[PDB]
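Q: I am attaching a structure below and will ask some questions about it afterwards.
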Amino acid sequence: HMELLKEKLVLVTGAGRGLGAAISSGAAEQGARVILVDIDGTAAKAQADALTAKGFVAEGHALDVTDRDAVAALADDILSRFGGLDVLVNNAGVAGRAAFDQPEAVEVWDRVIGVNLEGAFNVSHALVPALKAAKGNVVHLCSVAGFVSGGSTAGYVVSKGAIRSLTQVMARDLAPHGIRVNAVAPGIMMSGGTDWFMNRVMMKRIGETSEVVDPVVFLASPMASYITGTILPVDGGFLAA
Amino acid sequence: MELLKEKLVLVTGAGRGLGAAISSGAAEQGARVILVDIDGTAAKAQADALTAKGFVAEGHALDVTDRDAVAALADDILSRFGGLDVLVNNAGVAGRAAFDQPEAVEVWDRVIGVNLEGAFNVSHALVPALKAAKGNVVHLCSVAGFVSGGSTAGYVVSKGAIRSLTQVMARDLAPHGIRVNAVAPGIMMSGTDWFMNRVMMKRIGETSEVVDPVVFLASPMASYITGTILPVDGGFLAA
Amino acid sequence: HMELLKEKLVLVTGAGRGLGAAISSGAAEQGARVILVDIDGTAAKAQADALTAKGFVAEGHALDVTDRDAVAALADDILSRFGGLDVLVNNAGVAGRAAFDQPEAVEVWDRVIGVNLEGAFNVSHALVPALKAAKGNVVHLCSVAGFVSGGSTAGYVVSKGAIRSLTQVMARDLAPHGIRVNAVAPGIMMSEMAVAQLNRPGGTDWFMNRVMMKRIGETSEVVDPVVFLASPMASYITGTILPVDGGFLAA
Amino acid sequence: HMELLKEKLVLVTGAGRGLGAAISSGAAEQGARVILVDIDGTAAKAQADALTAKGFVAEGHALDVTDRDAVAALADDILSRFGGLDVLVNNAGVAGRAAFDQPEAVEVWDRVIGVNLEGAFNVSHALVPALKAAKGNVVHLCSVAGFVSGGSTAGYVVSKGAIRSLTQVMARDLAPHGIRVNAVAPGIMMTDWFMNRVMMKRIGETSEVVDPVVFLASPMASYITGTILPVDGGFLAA
């Protein structure tokens, strides 16, 4: 009953599972009408149907964020059917495993850069007309890896430092149109591979998925109306250690 | 929204400006508020206006540079309430002086004394109460804790110090379940060209737009956030 | 006369013009043997031939840093002929003009990301065996735009923030091999002003309105910090991005 | 023999031992005339006399950087005898051990803030006239603790974050006078919180902090101001 996103239209990418599904549900619980898209359209539609059954307003579709024609088609549809977009959450992303001095780093780099950076660019750029019409806002999914190397593969680290910068320059160019642009920077969340994080996090625990959803909703809401260009760590103290 | 329902919140510098607005905002989110200020008359006037609206509030004089007076307030809070759910360190001052001027020394001592040394005094003294409640701390940092901007040296340094204080308090108090964070505002409604030329939103923030992020950080919405300094600056630091 | 890079083999990309040419000359003056490469092989060879005429040891080649096959061929040639590489300077870079809400931003993004980020990755990754053999080091060309948006187009800002992160993670993965990885982050320097018709009126105001020194940097003032980071003076510095910006980022 | 500081007058605080003594020696080896000051004047003079015995030009004095009268006296002496100061290195500093929730943290805080931050302010502010006359530059000793909490006591972490900010605002106010202001941010100098995160898996040698200080103090850094340079084996990038 908090209603931070009351009657706002919210598009979440990568919404078929994990954090994206949880952001979609959290936005709906804050009053939003939610468009869920995912490379797996069946999963996006299943999440949307579950939200509809709970009494929320939601729809799901397949979207490959690396396909510029498909991204443009979705943007055109949103503008036509709704007149604008109040919130874009760029959550679609992947990770991988490879050290920089390994040949496998190249394939991993291309895959991860392609979804995490180039896909976020595609969706963000295509949705500018709809965001302008509604004076909406954008929340990107950054990472603690956008600030330090941590333990992730090079393509992931670089994609998230790239998102940090994308947040700043989108904020600059879209401020004259009343569009805020921010990002969250989680550590590891519920949705010795993790020792690099667990050995440094002050709270000595992995964050609950809801604990990343809440800051996303905050940044997308009028509580954050003087916040733009900003990346908010949600990391149990990792970057302060 | 009930974000702070029945939580006890202490705000320093609460007799005027942002501090009074944070106090009112916490009360509107369901908190019981202790307002303290160097001007105890103003703190009690703010507290009485909250009481008239049906909130639970009280006001006191507090000089944050007086360690004895700070300790007496911390002892009072622990004895009367058993703990403290939120500390907001908002008391602060500024001044005008370039570094190469003799006046920079007096300004430096005054600003460091309130903004940094006073924040240390209050933070350190309230640790027992914060431990008992597993409370949290929100400091008032500034864009000046990240770049020099246009503020006097003592102010810039005091806010960079607060940025570091946020991190190390978070480290030492995490084992006790205490989160420690800060907001970093730009120039506030409560010359300024250095800020206005760079702020992306091309406007000064409303006081309520700094209150809301403080309430967010003090609330369970921020339960996995600690050691963090959140700019509330209209895009200034991203420019 | 300092000999900070005495007898080291240095590879500079984008070395046919501007800052890249100046880094190549500065490295040679510090005692290095320099391989200059540029998308324009004729320009790289003209710069290398001028260094040879001056009395230095240098060679020039064409290299498209976006062509992974060409990059691999150069890396194989360096390893075979020299057995390793002491310094890699990833200087090749481009910019552009387009606001994010314009359709033109896409073509500019693709071009700038392609050279600045993907090219730096191509060259860095391909040269790892040569850098391991020599225990060499890498200096990337970042920018103040890797820290704030400034006045640059989105593809440039993002490419330079990406380079900042690339510096960190390369440093992490190559430190066990004795390879340091750092970057400089310049503001504007004089080489970027050398073509008058491309200096749009007011185009430097984003920088000049903030820089504490109230001047564009001399090209040599960016060359010197590159040489420092590439030298044993910086033997405990890795993963670091050094602003060379007249105070811009501190303002 | 790179001569990066040839004929420059360099003042180093905390110069009686450790890094400060090494910066003084390294500055002399780069051509500088060096004034060494330390809370222990005997140690400052011992370091200075050793440099004199090598044919360098050096002198040593006691200085308590927390004593504003004594700092002013040294500034007046430098202006009178030399007319300017080419480099100031603020290296005097202390640390301590106390967790924030302990009562001992207050005394440790006061001691560490007093030397590291307030002493750096005292010396920097008092030497502005001499730095102006020479268009000199300042190098502060920051720390990785000015960027993250690491393992140091609260007063140390806060003192170094304060120095990071002091670097920026001194650079701003002194740039119109041709004075650059920078800092180095070392890690642990010649511990698991540091060692487990440093990429080079070693503590830096003292000479490896001296060289970046000399770089920042030199014309190689003539377009560098307001900057804090980590000298930390990759710790802050990890």
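All residue names refer to the structure tokens as shown: chains lettered A, B, ... in order, residues numbered from 1 in each chain, ligands numbered from 1 in order.
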Restrict the distance test to only C-alpha atoms, flag each residue of chain C within 10 Å of chain B, and return the flagged residues as a count of residues only.

A: 13

Q: With the cut-off set at 6 Å and counting only C-alpha atoms, tabulate each residue of chain C with an atom at most that distance from an atom of chain D, showing the nearest atom pair and its distance in Å to one decimal, ordered by chain and increasing number, as CSV.

A:
```
residue,atom,partner,partner_atom,distance
C:2,CA,D:2,CA,5.2
C:168,CA,D:237,CA,5.2
C:172,CA,D:199,CA,6.0
C:175,CA,D:200,CA,5.8
C:213,CA,D:175,CA,5.9
C:221,CA,D:223,CA,5.8
C:224,CA,D:220,CA,5.2
C:233,CA,D:211,CA,5.2
C:236,CA,D:233,CA,5.0
C:237,CA,D:231,CA,5.1
C:238,CA,D:234,CA,4.8
C:239,CA,D:234,CA,5.1
C:244,CA,D:224,CA,5.1
C:246,CA,D:223,CA,4.9
C:247,CA,D:225,CA,4.9
C:250,CA,D:168,CA,5.2
```

Q: So which residues touch residue C:231 within 10 Å, counting only C-alpha atoms, skipping near sequence neighbours fewer than 6 positions away, as a PDB file with C-alpha atoms, in the first residue's frame?

A:
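Listing of part06.pdb after writing:
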```pdb
ATOM      1  CA  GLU C   3      66.517   7.088 -19.918  1.00  0.00           C
ATOM      2  CA  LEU C   4      63.342   6.024 -18.079  1.00  0.00           C
ATOM      3  CA  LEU C   5      62.586   3.506 -20.856  1.00  0.00           C
ATOM      4  CA  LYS C   6      66.169   2.597 -21.799  1.00  0.00           C
ATOM      5  CA  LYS C   8      62.539  -1.074 -23.778  1.00  0.00           C
ATOM      6  CA  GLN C  30      63.597   8.166 -22.951  1.00  0.00           C
ATOM      7  CA  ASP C  86      57.912  -4.034 -22.714  1.00  0.00           C
ATOM      8  CA  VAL C  87      55.201  -1.336 -23.019  1.00  0.00           C
ATOM      9  CA  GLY C 136      55.890  -5.445 -19.621  1.00  0.00           C
ATOM     10  CA  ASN C 137      53.197  -2.953 -18.723  1.00  0.00           C
ATOM     11  CA  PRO C 225      52.814  11.095 -17.168  1.00  0.00           C
TER      12      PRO C 225
END
```

Q: Report as a ChimeraX atom specification all protein, DNA and RNA residues lying within 9 Å of residue D:47, evaluated on only C-alpha atoms, omitting residues in the same chain fewer than 6 positions from it.

A: /D:15-17,21,24-25,36,58-60

Q: Mind running chain A against chain B at 8 Å and telling me each contacting residue's nearest atom pair with the distance in Å (one decimal), counting only C-alpha atoms, chain and number ascending, as a Markdown table?

A:
```
| residue | atom | partner | partner_atom | distance |
| --- | --- | --- | --- | --- |
| A:1 | CA | B:1 | CA | 7.9 |
| A:2 | CA | B:1 | CA | 5.5 |
| A:168 | CA | B:238 | CA | 5.2 |
| A:169 | CA | B:238 | CA | 7.7 |
| A:171 | CA | B:235 | CA | 7.2 |
| A:172 | CA | B:200 | CA | 6.0 |
| A:175 | CA | B:201 | CA | 5.9 |
| A:176 | CA | B:201 | CA | 7.3 |
| A:178 | CA | B:201 | CA | 7.9 |
| A:202 | CA | B:174 | CA | 6.0 |
| A:203 | CA | B:174 | CA | 6.0 |
| A:207 | CA | B:224 | CA | 6.1 |
| A:211 | CA | B:224 | CA | 5.9 |
| A:212 | CA | B:224 | CA | 7.7 |
| A:214 | CA | B:221 | CA | 5.3 |
| A:215 | CA | B:221 | CA | 6.5 |
| A:218 | CA | B:216 | CA | 7.6 |
| A:223 | CA | B:212 | CA | 5.2 |
| A:224 | CA | B:213 | CA | 6.7 |
| A:225 | CA | B:209 | CA | 6.4 |
| A:226 | CA | B:234 | CA | 4.9 |
| A:227 | CA | B:232 | CA | 5.1 |
| A:228 | CA | B:235 | CA | 4.9 |
| A:229 | CA | B:235 | CA | 5.1 |
| A:230 | CA | B:231 | CA | 6.8 |
| A:232 | CA | B:230 | CA | 6.5 |
| A:233 | CA | B:228 | CA | 6.8 |
| A:234 | CA | B:225 | CA | 5.1 |
| A:235 | CA | B:225 | CA | 6.1 |
| A:236 | CA | B:224 | CA | 4.8 |
| A:237 | CA | B:226 | CA | 4.8 |
| A:239 | CA | B:227 | CA | 7.8 |
| A:240 | CA | B:167 | CA | 5.2 |
| A:241 | CA | B:171 | CA | 6.8 |
```

Q: Mind dumping the selected residues with N, CA, C and O atoms as a compact mmCIF listing (two decimals), in the first residue's frame?

A:
```
# COMPACT_ATOMS: atom_id res chain seq x y z
N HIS A 1 0.82 -1.21 0.00
CA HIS A 1 0.00 0.00 0.00
C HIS A 1 0.86 1.27 0.00
O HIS A 1 0.37 2.34 0.35
N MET A 2 2.13 1.15 -0.40
CA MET A 2 3.03 2.30 -0.40
C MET A 2 2.78 3.23 -1.58
O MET A 2 2.88 4.46 -1.45
N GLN A 168 25.68 8.53 -16.46
CA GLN A 168 26.04 9.95 -16.40
C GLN A 168 25.68 10.68 -17.68
O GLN A 168 25.10 11.77 -17.63
N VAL A 169 26.05 10.12 -18.84
CA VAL A 169 25.86 10.88 -20.08
C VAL A 169 24.40 10.85 -20.53
O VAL A 169 23.91 11.85 -21.09
N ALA A 171 21.99 10.92 -18.36
CA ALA A 171 21.41 11.91 -17.47
C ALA A 171 21.64 13.32 -18.01
O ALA A 171 20.73 14.16 -17.97
N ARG A 172 22.85 13.59 -18.50
CA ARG A 172 23.16 14.91 -19.05
C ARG A 172 22.28 15.24 -20.24
O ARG A 172 21.69 16.33 -20.31
N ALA A 175 18.28 15.29 -19.24
CA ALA A 175 17.79 16.25 -18.26
C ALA A 175 16.97 17.37 -18.87
O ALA A 175 15.94 17.74 -18.28
N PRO A 176 17.33 17.95 -20.02
CA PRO A 176 16.49 19.03 -20.57
C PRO A 176 15.09 18.57 -20.92
O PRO A 176 14.19 19.41 -21.09
N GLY A 178 13.42 16.44 -18.92
CA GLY A 178 12.77 16.03 -17.69
C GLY A 178 12.88 14.57 -17.37
O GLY A 178 12.07 14.05 -16.60
N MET A 202 30.52 -5.96 4.52
CA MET A 202 30.45 -5.66 5.94
C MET A 202 29.32 -6.41 6.62
O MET A 202 29.47 -6.86 7.76
N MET A 203 28.19 -6.58 5.93
CA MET A 203 27.09 -7.29 6.56
C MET A 203 27.27 -8.81 6.58
O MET A 203 26.43 -9.50 7.17
N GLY A 207 22.71 -10.25 -0.12
CA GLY A 207 21.50 -9.47 0.00
C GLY A 207 20.28 -10.25 -0.46
O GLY A 207 20.35 -11.04 -1.41
N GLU A 211 15.87 -6.63 -1.20
CA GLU A 211 16.71 -5.54 -0.76
C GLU A 211 17.38 -4.83 -1.92
O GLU A 211 17.95 -3.76 -1.72
N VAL A 212 17.32 -5.40 -3.13
CA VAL A 212 17.77 -4.71 -4.33
C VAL A 212 16.55 -4.09 -5.02
O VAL A 212 16.64 -3.00 -5.59
N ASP A 214 13.89 -2.80 -3.55
CA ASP A 214 13.45 -1.58 -2.88
C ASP A 214 14.25 -0.36 -3.35
O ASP A 214 13.63 0.68 -3.65
N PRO A 215 15.58 -0.40 -3.44
CA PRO A 215 16.30 0.76 -3.97
C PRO A 215 15.99 1.08 -5.43
O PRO A 215 16.01 2.25 -5.81
N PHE A 218 12.79 2.97 -5.18
CA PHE A 218 13.11 4.31 -4.69
C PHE A 218 13.60 5.22 -5.82
O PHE A 218 13.11 6.33 -6.00
N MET A 223 10.43 10.07 -4.70
CA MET A 223 11.37 10.26 -3.60
C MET A 223 12.75 10.64 -4.10
O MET A 223 13.55 11.23 -3.36
N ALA A 224 13.05 10.30 -5.35
CA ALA A 224 14.35 10.52 -5.97
C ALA A 224 14.28 11.64 -7.01
O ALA A 224 15.10 11.67 -7.93
N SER A 225 13.34 12.58 -6.86
CA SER A 225 13.12 13.56 -7.91
C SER A 225 14.27 14.56 -8.08
O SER A 225 14.29 15.25 -9.10
N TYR A 226 15.19 14.67 -7.13
CA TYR A 226 16.39 15.49 -7.34
C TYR A 226 17.64 14.63 -7.54
O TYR A 226 18.76 15.14 -7.42
N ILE A 227 17.46 13.36 -7.86
CA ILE A 227 18.57 12.43 -8.08
C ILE A 227 18.63 12.08 -9.56
O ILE A 227 17.69 11.51 -10.11
N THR A 228 19.75 12.42 -10.20
CA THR A 228 19.99 11.94 -11.56
C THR A 228 21.49 11.80 -11.76
O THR A 228 22.30 12.40 -11.05
N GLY A 229 21.86 10.97 -12.73
CA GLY A 229 23.25 10.69 -13.01
C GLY A 229 23.95 9.88 -11.95
O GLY A 229 25.18 9.78 -11.98
N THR A 230 23.20 9.27 -11.03
CA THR A 230 23.75 8.70 -9.80
C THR A 230 23.70 7.17 -9.83
O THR A 230 22.76 6.58 -10.36
N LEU A 232 23.83 4.03 -7.19
CA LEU A 232 23.64 3.75 -5.77
C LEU A 232 24.12 2.34 -5.45
O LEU A 232 23.48 1.37 -5.89
N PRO A 233 25.21 2.17 -4.70
CA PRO A 233 25.59 0.82 -4.26
C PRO A 233 24.53 0.23 -3.35
O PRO A 233 24.03 0.89 -2.44
N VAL A 234 24.23 -1.05 -3.58
CA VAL A 234 23.34 -1.83 -2.72
C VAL A 234 24.10 -3.12 -2.44
O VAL A 234 23.85 -4.16 -3.06
N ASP A 235 25.06 -3.04 -1.50
CA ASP A 235 26.15 -4.00 -1.49
C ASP A 235 26.58 -4.42 -0.08
O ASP A 235 27.66 -5.02 0.08
N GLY A 236 25.77 -4.15 0.94
CA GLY A 236 26.13 -4.57 2.28
C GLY A 236 27.44 -4.01 2.78
O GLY A 236 28.05 -4.58 3.70
N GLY A 237 27.91 -2.91 2.19
CA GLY A 237 29.14 -2.25 2.61
C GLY A 237 30.38 -2.64 1.83
O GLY A 237 31.47 -2.17 2.16
N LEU A 239 31.77 -1.86 -1.11
CA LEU A 239 32.64 -0.84 -1.70
C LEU A 239 33.23 0.10 -0.65
O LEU A 239 34.24 0.77 -0.93
N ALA A 240 32.64 0.16 0.55
CA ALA A 240 33.21 0.98 1.62
C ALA A 240 34.30 0.26 2.41
O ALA A 240 34.99 0.91 3.20
N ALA A 241 34.47 -1.04 2.22
CA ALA A 241 35.45 -1.81 2.96
C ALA A 241 36.85 -1.68 2.38
O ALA A 241 37.00 -1.47 1.17
```

Q: Measuring atom to atom with only C-alpha atoms, identify which of D:92, D:106, D:142, D:120 is nearest to chain B.

A: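 Answer, going by the shortest atom-to-atom distance: D:106.
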
Q: Would you list which chain B residues are within 7 Å of chain D using only C-alpha atoms, as a list in words?

A: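 Result: residues 98, 99, 100, 124, 127, 145, 147, 148, 153, 156, 157, 158, 160, 161, 164, 165, 167, 168, 169 and 172 of chain B.
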
Q: Write the residues of the preceding selection, restricted to N, CA and C atoms, as a tab-separated table (two decimals), in the first residue's frame.

A:
```tsv
chain	number	residue	atom	x	y	z
B	98	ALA	N	39.16	32.24	1.15
B	98	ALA	CA	40.08	31.50	0.29
B	98	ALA	C	41.25	30.99	1.12
B	99	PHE	N	41.87	29.91	0.64
B	99	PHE	CA	42.92	29.26	1.42
B	99	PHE	C	44.09	30.19	1.70
B	100	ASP	N	44.40	31.11	0.78
B	100	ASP	CA	45.54	32.00	0.95
B	100	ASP	C	45.21	33.24	1.77
B	124	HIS	N	29.83	9.03	18.13
B	124	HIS	CA	30.50	8.16	19.09
B	124	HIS	C	29.67	8.00	20.36
B	127	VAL	N	26.60	5.48	20.19
B	127	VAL	CA	26.80	4.07	19.83
B	127	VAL	C	26.09	3.11	20.79
B	145	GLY	N	32.16	16.92	-0.62
B	145	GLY	CA	32.98	15.80	-0.20
B	145	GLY	C	33.57	15.02	-1.34
B	147	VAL	N	34.24	16.88	-4.75
B	147	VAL	CA	35.00	17.85	-5.53
B	147	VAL	C	35.06	19.14	-4.73
B	148	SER	N	35.97	20.04	-5.13
B	148	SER	CA	36.12	21.26	-4.32
B	148	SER	C	34.93	22.20	-4.49
B	153	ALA	N	37.61	25.98	2.29
B	153	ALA	CA	38.41	24.78	2.55
B	153	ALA	C	37.89	23.98	3.74
B	156	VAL	N	34.75	22.00	2.57
B	156	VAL	CA	35.14	20.90	1.68
B	156	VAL	C	35.79	19.77	2.47
B	157	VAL	N	36.80	20.11	3.28
B	157	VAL	CA	37.50	19.08	4.04
B	157	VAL	C	36.57	18.41	5.05
B	158	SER	N	35.70	19.19	5.72
B	158	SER	CA	34.79	18.57	6.68
B	158	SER	C	33.87	17.56	6.00
B	160	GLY	N	34.51	15.88	3.02
B	160	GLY	CA	35.29	14.73	2.64
B	160	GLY	C	35.59	13.85	3.84
B	161	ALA	N	35.83	14.48	5.00
B	161	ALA	CA	36.00	13.72	6.23
B	161	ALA	C	34.74	12.95	6.60
B	164	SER	N	34.47	9.81	4.60
B	164	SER	CA	35.29	8.75	5.18
B	164	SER	C	34.71	8.26	6.51
B	165	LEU	N	34.19	9.17	7.34
B	165	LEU	CA	33.58	8.75	8.60
B	165	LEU	C	32.44	7.76	8.35
B	167	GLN	N	32.20	5.55	5.96
B	167	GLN	CA	32.74	4.23	5.64
B	167	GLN	C	33.26	3.53	6.88
B	168	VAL	N	34.04	4.23	7.71
B	168	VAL	CA	34.68	3.52	8.82
B	168	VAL	C	33.70	3.26	9.96
B	169	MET	N	32.74	4.16	10.18
B	169	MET	CA	31.68	3.83	11.13
B	169	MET	C	30.90	2.63	10.66
B	172	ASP	N	32.96	-0.49	11.51
B	172	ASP	CA	33.09	-0.86	12.90
B	172	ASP	C	31.76	-1.17	13.55
```

Q: Excluding stretch 34-51 of chain A and any residue of its chain fewer than 6 positions from it, enumerate the residues within 7 Å of it, using only C-alpha atoms, and give them as a VMD selection string.

A: chain A and resid 9 to 16 21 24 to 25 28 57 to 64

Q: For those residues, write N, CA and C atoms to a file as a CSV table (one decimal), in the first residue's frame.

A:
```
chain,number,residue,atom,x,y,z
A,9,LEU,N,3.6,3.4,-15.8
A,9,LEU,CA,3.9,2.3,-16.8
A,9,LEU,C,5.4,2.1,-16.7
A,10,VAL,N,5.8,0.8,-16.4
A,10,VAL,CA,7.1,0.4,-16.1
A,10,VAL,C,7.5,-0.7,-17.1
A,11,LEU,N,8.6,-0.6,-17.8
A,11,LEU,CA,9.1,-1.7,-18.6
A,11,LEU,C,10.4,-2.2,-18.0
A,12,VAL,N,10.4,-3.5,-17.8
A,12,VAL,CA,11.6,-4.2,-17.2
A,12,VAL,C,12.1,-5.3,-18.2
A,13,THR,N,13.4,-5.2,-18.5
A,13,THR,CA,14.0,-6.2,-19.4
A,13,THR,C,14.6,-7.3,-18.5
A,14,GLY,N,14.8,-8.5,-19.1
A,14,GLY,CA,15.2,-9.6,-18.3
A,14,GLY,C,14.3,-10.0,-17.2
A,15,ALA,N,13.0,-9.8,-17.4
A,15,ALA,CA,12.0,-9.9,-16.4
A,15,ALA,C,11.4,-11.3,-16.2
A,16,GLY,N,12.0,-12.3,-16.9
A,16,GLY,CA,11.4,-13.6,-16.9
A,16,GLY,C,11.8,-14.4,-15.6
A,21,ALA,N,12.3,-10.5,-12.6
A,21,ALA,CA,11.0,-10.8,-12.2
A,21,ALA,C,10.6,-10.2,-10.9
A,24,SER,N,9.8,-6.5,-11.4
A,24,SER,CA,8.5,-6.4,-12.0
A,24,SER,C,7.4,-6.5,-10.9
A,25,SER,N,7.5,-7.6,-10.1
A,25,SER,CA,6.6,-7.8,-9.0
A,25,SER,C,6.6,-6.6,-8.0
A,28,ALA,N,4.9,-3.6,-9.5
A,28,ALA,CA,3.4,-3.8,-9.5
A,28,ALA,C,2.8,-3.6,-8.1
A,57,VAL,N,-1.6,-5.2,-12.9
A,57,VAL,CA,-1.8,-4.9,-14.4
A,57,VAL,C,-0.4,-5.2,-15.0
A,58,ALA,N,-0.3,-6.2,-15.8
A,58,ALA,CA,0.9,-6.7,-16.4
A,58,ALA,C,0.8,-7.4,-17.7
A,59,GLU,N,1.8,-7.4,-18.5
A,59,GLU,CA,1.8,-8.1,-19.8
A,59,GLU,C,3.3,-8.5,-20.0
A,60,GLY,N,3.4,-9.6,-20.8
A,60,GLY,CA,4.8,-10.1,-21.0
A,60,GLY,C,5.0,-10.4,-22.5
A,61,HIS,N,6.3,-10.2,-22.9
A,61,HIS,CA,6.7,-10.4,-24.3
A,61,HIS,C,8.1,-11.0,-24.4
A,62,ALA,N,8.4,-11.6,-25.5
A,62,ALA,CA,9.8,-11.9,-25.8
A,62,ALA,C,10.5,-10.7,-26.3
A,63,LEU,N,11.7,-10.5,-25.9
A,63,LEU,CA,12.6,-9.4,-26.5
A,63,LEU,C,14.0,-9.9,-26.4
A,64,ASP,N,14.7,-9.8,-27.5
A,64,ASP,CA,16.1,-9.9,-27.6
A,64,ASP,C,16.7,-8.5,-27.6
```

Q: If I take atom CA of residue A:107 and atom CA of residue C:124, how far is one from the other in Å, to one decimal?

A: 15.0 Å

Q: Could you name the residues that touch residue D:6 at 8 Å or less, counting only C-alpha atoms, but leaving out those on the same chain fewer than 6 positions away, as a ChimeraX atom specification?

A: /D:30-32

Q: Show me, as a ChimeraX atom specification, every residue of chain C with an atom at most 10 Å from chain A, counting only C-alpha atoms.

A: /C:98-103,105-106,109-110,113,117-118,121-122,124-129,132,145-174,177,239

Q: Which distance in Å separates atom CA of residue D:13 and atom CA of residue C:243, to one decimal?

A: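 These two atoms are separated by 26.1 Å.
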
Q: When you look at residue D:88 with a cut-off of 8 Å (counting only C-alpha atoms), what residues show up, excluding the ones that are within fewer than 3 positions of it in the same chain? I need them as an NGL selection string.

A: :D and (10-12 or 85 or 124 or 136-139)

Q: What is the atom CA of residue B:44-atom CA of residue B:15 distance in Å, reported with one decimal?

A: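 So the two atoms, atom CA of residue B:44 and atom CA of residue B:15, lie 7.6 Å apart.
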
Q: Write down as a ChimeraX atom specification the residues of stretch 2-233 of chain C whose backbone DSSP state falls under strand (DSSP E or B).

A: /C:9-12,33-38,58-62,87-90,137-141,180-186,189,217

Q: Using only C-alpha atoms, find the one residue out of C:39, C:11, C:133, C:21 that sits nearest to residue C:80.

A: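 Answer, going by the shortest atom-to-atom distance: C:133.
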